[PDB]
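Chain residues, written in single-letter form:
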Amino acid sequence: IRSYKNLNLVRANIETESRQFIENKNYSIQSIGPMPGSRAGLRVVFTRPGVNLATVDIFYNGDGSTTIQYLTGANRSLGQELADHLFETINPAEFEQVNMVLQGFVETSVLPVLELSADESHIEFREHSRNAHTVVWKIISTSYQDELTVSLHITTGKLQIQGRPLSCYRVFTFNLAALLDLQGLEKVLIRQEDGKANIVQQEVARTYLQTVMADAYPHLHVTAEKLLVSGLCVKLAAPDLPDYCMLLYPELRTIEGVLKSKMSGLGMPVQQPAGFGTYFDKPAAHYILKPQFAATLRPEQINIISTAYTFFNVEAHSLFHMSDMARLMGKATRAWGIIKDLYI
Amino acid sequence: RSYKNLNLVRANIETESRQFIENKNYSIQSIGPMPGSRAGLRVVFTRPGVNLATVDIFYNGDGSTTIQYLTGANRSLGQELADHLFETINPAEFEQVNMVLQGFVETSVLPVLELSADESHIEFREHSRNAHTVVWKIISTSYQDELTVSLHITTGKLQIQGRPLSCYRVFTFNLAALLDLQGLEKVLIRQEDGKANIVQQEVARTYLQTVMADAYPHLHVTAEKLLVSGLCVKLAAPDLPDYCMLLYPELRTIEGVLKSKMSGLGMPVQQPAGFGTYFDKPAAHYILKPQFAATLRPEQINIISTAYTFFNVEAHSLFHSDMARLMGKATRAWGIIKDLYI
């Protein structure tokens, strides 16, 4: 049912979580300490009035992984509660691994995306190595224990993305989506090598988007048209996944293409260092414009832009930090409504 | 292009040749049967300044008709007649359809044949029936089309054979209401390795709902599955020259609601009575008959007249940038299906 070997546990919180679980269950404590011998880990022996002693060993493997042995002692039917609690304290995406190859990249197109992704909070990047053929960069997180390995074989133009799809991976691919072709975009969103979105009749997806956009359609940028049609192709060809929450990336990256742009046309450009923060405040959930901007603008436009930026950034935070298809399509329909409202 | 082994309407070969020749302002040398044991038509024609163009037209034993312009002293001239006769052929005569649909029995196949025979120039017969295999023929009197329907009742297999023409189109249009996803796929795209079985049905559901709006939840469930599958086919459709059959869901949906609403407004459309007894045709747009404009609101009258105009026109054009055209038609049909619900 579950294997308790080699887990991705935030180690400095392990003992604290175990203790909080025990205190929640109104249990008793026998002993909590390091493990005997030279094997690094945590021995936790706990019980409650009426049963026997449940023993749980926690091996710190050399790999940073953390193995659990609840199958030790006199009560495993009881230690399994702690084992499963700690196992479920893991953010689920930590269990999947990603490793893929994208064709047609060069250092000059990769360093801008790395800088754009490093514009984030607890996400920064370094260059790990560089020889004649391949230059490899790292991305690191401070909240999670997440690292992401970006590799460039410059001799063949290959970009090799390795790691675990978490906060870092999501930020990197979101900044990357604007450059991907159809098949590359599909590959990053569904995390698979044999995609299916290249076979949708793109004219029917175009009809779909045009039907939803109406007057706002012909005013669209060509990059936005190709991106949204491609994302709709993916949504229509998406294989059965556990969490489709990433399939909203076409819409979101489209919003910044319309949001920043039109906003920069109203005397308030959003640069990378200046960011969004200098124009908005957060009272409660919906973001607001600063008062110094409610004077030159029509109230309709202020309502539109405030709802748009309220949706955005919130969705980035809900996606980058941590019947699903129905949820995804509701989200995407709201995003299309916002994109249309921004033009009219 | 290959001018060998063609399907030429025999009763028009000589006349089409003569009118083509007089169109090109040529002269006639001879037009007659062929000498020797090959039955056919030898046509020798020319114009002032060149030599005699000879064209042989071999009547095969199978009814097929081969043209040999690669004969005589003037072939650069006979190729004009070869191309004229070659292009007087309706294109679907060169393609053949032959497919298997699983899960059928005589009691569920005979209704579709009867409903298709309710048409004007479309009739069908029982070819044979044994223990294992039952075979029907579908014949046209306006065209010269036959479609062979076979039912292996022992495995529930239905074998459709022939040429996708008037008969095939009427048959599959009546059949679409009963087909699963893969069967509907097979008849609309006329291929065995389809692509519509891999579409995310929830996104097609979102598309249909987006176009229908208030009229969406009022829709019958079978119509829902039909339209979702038709949109699935439209979205996964391999590259075809003519997608005009992918509009069969929408059309079959309109006929499904039109008859419905009419039957709900005191005028049932039966199979023997048909649609003809309920509408009149002044000029191009159909109208409802006057005996029905009194109990109904004029809005409803205009809506229903546009709907039946749409159905009859599209069926008539089907029974006798294409993706953009098809999607425009489907948008019109969706607008009509929505308007029907008021």
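Listed as the method for this PDB entry is X-ray crystallography; the listed resolution is 3.79 Å.

As annotated in the PDB entry, chain B carries the name mRNA endoribonuclease toxin LS and is attributed to Escherichia coli. Under Subunit (literature references left out), UniProt gives the following word-for-word description of chain B: "Forms homodimer in solution. Forms a complex with cognate antitoxin RnlB and with enterobacteria phage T4 antitoxin Dmd." UniProt, in the comment section headed Subcellular location, describes chain B in these words: "Cytoplasm".

The name given to chain A in the PDB entry is mRNA endoribonuclease toxin LS, with Escherichia coli as the source organism. One UniProt comment on chain A, placed under Subunit (literature references left out), says "Forms homodimer in solution. Forms a complex with cognate antitoxin RnlB and with enterobacteria phage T4 antitoxin Dmd." According to its UniProt record, chain A has this under Subcellular location: "Cytoplasm".

Undergrad: Give me the environment of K186 of chain B: which residues, what numbers.
TA: All names here are of chain B. Take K186: it is sitting in helix α5 (residues 181–189). By relative accessible area, which is 17% here, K186 ends up buried. With 30 residues separating them along the chain, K186 and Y216 place their C-alpha atoms 27 Å apart. When neighbours within four sequence positions are excluded, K186 is seen to be in contact with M99, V100, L101, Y168, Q191 and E192.

Undergrad: Which residues make up the packing of helix α6 (residues 202–213) of chain A against helix α6 (residues 201–212) of chain B, and what are the values?
TA: Viewed as axis vectors pointing N to C, α6 of chain A and α6 of chain B meet at an angle of 40°, and their least axial separation amounts to 10 Å. Classified by the angle between their axes, α6 of chain A and α6 of chain B sit oblique to one another. Seen along the crossing, α6 of chain A lies across α6 of chain B with a hand that is left-handed. Facing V204, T207, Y208, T211 and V212 of chain A of α6 of chain A, the residues of α6 of chain B in contact are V203, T206, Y207, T210 and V211 of chain B. Grouping the amino acids of the contact of α6 of chain A with α6 of chain B by side-chain chemistry returns six nonpolar, four polar and no charged.

Undergrad: Please set out the packing of aromatic side chains residue by residue, giving values where relevant.
TA: Residue and element names in this part refer to chain A. Tallied over the full model, the rule gives 27 aromatic pairs over all chains. Sitting over the ring of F59, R39 keeps its end group 5.2 Å from the ring centre. Cation over ring: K262 sits above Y343, and NZ or CZ is 4.7 Å from the ring centre.

Undergrad: Explain the packing of helix α1 (residues 10–23) of chain B against helix α2 (residues 75–87) of chain B to me, using residue names and the numbers behind them.
TA: Between two packed helices, both the angle of their axes relative to each other and the distance between the axes serve to describe the pair. Residues and elements named next belong to chain B. Their axes nearest at 10 Å, the elements α1 and α2 cross at an angle of 125°. In terms of their interaxial angle, α1 and α2 are classed as oblique. Crossing of α1 over α2 shows right-handed handedness. The residues of α2 that touch α1, namely those facing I13, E16, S17 and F20, are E80, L81, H84 and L85. Within the contact of α1 with α2, the residues separate by chemical class into four nonpolar, two polar and two charged.

Undergrad: I'd like to hear about the sheet that holds strand β7 (residues 134–141) of chain A, residue by residue, with values.
TA: Residues and elements named next belong to chain A. The strand order across the open sheet formed by five strands is β5-β9-β8-β7-β6, and the pairing between neighbours is antiparallel. The outermost strands of the open sheet, each flanked by one partner alone, are β5 (98–103) and β6 (123–130). Each strand of the sheet is rotated relative to its neighbour by a mean of 20°, with strand direction disregarded. The pairing of β6 with β7 spans seven bridges and is classified as antiparallel. Bridge pairing in β7 places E124 opposite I140.

Undergrad: Give a detailed account of the nonpolar core, specifying residues and quantitative values.
TA: Counting 170 residues, the largest nonpolar core has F172 of chain A together with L101 and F171 of chain B as the members making the most contacts within it. Excluding anything up to four places from it in sequence, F171 of chain B contacts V112, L113, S116, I138, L147, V149 and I160 of chain B. Membership of the second largest hydrophobic core comes to 21 residues, among which are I22, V44, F46 and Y70 of chain A.

Undergrad: Quick rundown of the side chain of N174 of chain B? Include the residues and the values.
TA: All names here are of chain B. Here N174 is to be found in helix α4 (residues 166–175). The buried category is assigned to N174, whose relative accessible area is 17%. Contacts of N174, omitting those with residues within four sequence positions, involve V112, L115 and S116.

Undergrad: Can you explain the interface of chain B and chain A? Please cite residues and give values.
TA: With 21 residues of chain B in contact, the opposing surface of chain A contributes 19 residues. It is α6 of chain B that contributes the most residues to the side of chain B that touches chain A, seven residues altogether. Taken together, the residues that form the side of chain B that touches chain A break down as 14 nonpolar, four polar and three charged.

Undergrad: Can you break down the environment of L236 of chain A residue by residue, with the values?
TA: Within the secondary structure layout, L236 of chain A lies in helix α7 (residues 222–237). A relative accessible area of 0% places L236 of chain A in the buried class. Sequence-wise, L236 of chain A and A205 of chain A are 31 residues apart; in three dimensions their C-alpha atoms are separated by 8.7 Å. Once residues lying within four places of it in the same chain are set aside, the contact partners of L236 of chain A are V200 of chain A together with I198, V199, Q200, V203, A204 and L235 of chain B.

Undergrad: Go over a negative patch on the surface with me, naming the residues and quoting the values.
TA: All names here are of chain A. Together, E115, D119, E120 and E124 make up a region of like negative charge exposed at the surface. With respect to the helices and strands, the residue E115 is situated in helix α3 (residues 107–118). Taking the relative accessible area as the measure of exposure, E115 reaches 46% and is therefore partly exposed.

Parameters and conventions
Residues numbered from 1 in each chain as written, not as in the entry; some residues may be left out. Chains lettered and ligands numbered in written order. Heavy atoms only, no water. Residues with missing side-chain atoms left out of burial classes, pairs and counts. UniProt positions renumbered as here; feature names shortened; annotations may be inferred. Helix = DSSP H or I, 4+ residues; strand = E, 2+ residues; numbered from the N terminus. Buried < 20%, exposed > 50% of the residue type's maximum accessible area, 1.4 Å probe, protein only. Contact = heavy atoms within 4.5 Å. Axes fitted to C-alpha atoms, helices over the stretch in contact; angles between N-to-C directions. Parallel < 35°, antiparallel > 145°, perpendicular 65-115°, else oblique. Left-handed = near helix turned anticlockwise from the far one by under 90°. Nonpolar A, V, L, I, M, F, W, Y, C, P; charged D, E, K, R; others polar. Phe/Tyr/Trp six-rings, centres within 6.5 Å; stacked < 30°, edge-to-face > 60°. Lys NZ or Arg CZ within 6 Å of the ring centre and 35° of its normal. Pairing = 2+ DSSP bridges. Core = buried A, V, L, I, M, F, W, Y, C linked by side-chain atoms within 4.5 Å. Patch = residues over 30% accessible without salt bridge, like charges linked within 9 Å, V, L, I, M, F, W, Y side chains within 5 Å. Areas by Shrake-Rupley, 256 points an atom, 1.4 Å probe, with all protein chains shown as cover. Salt bridge = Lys/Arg side-chain N within 4 Å of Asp/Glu carboxyl O. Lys, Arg positive; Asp, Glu negative; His and termini not counted. Charge placed at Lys NZ, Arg CZ, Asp CG, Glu CD.

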